[PDB]
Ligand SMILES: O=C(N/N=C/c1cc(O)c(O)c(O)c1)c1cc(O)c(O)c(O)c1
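Only one chain is included here, represented as structure tokens and corresponding to the form solved without the ligand.
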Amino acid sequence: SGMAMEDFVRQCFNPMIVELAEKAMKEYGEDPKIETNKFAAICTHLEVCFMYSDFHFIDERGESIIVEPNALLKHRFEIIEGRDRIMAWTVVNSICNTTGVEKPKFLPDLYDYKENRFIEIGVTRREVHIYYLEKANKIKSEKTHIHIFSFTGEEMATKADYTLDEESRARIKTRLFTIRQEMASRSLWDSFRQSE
């Protein structure tokens, strides 16, 4: 049964994440009570996208600052993940009008208004490098920047450009590490790793 992992997921992630995850799975006919490892991989991916975006703003004078919220500040990242297909492409289409950036052929996860590129995010239970290569092959738009995180504290990003400050990236790598430890303590980790 997947009861054990389903309960872990529901206490590990905040309720906004769990709802988004259940919405996405219902939409394409997947049931979180049954595909419990998938349930977890979706929440994790969601939690990473939101963290990546946390605290990053461009201000009135137009430069990217860190804030841990003041009305003339614009969010540094647009978030594309978490939306249904129509809305996602609506946001991407609006973004290509705003900036004039080439429209990508697949939906990526974020848009970065400072570097002016889309970001495809990846979270893997395998090794960071091979995952990166498999993603770069599959996208094959030199357009879209790729940033990969692992549960062992590692990352790999296009051109060795890690986009964010080290402190922000450490915050994400520490979160994934803690999730894996928590899973491993309950002997849920090997099943979640193996299902990838």
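Residue positions are given as counts along the sequence shown, with the first one as 1.
There is another form of the same protein, the form deposited with the ligand bound; it is not shown, and what comes next is about it.
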Contact label in the deposited bound form: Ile121 to the ligand, heavy atom within 4.5 Å = yes
Applying a 4.5 Å heavy atom distance criterion, does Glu30 contact the ligand in the deposited bound form?
-> yes
is_contact(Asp112, the ligand) in the deposited bound form, heavy atom dist at most 4.5 Å | no
May I ask you to state whether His145 is within 4.5 Å of the ligand in the deposited bound form, using heavy atom distances?
-> no
Contacts with the ligand in the deposited bound form - residues in 29 to 51 whose heavy atoms fall within 4.5 Å | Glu30, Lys38, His45
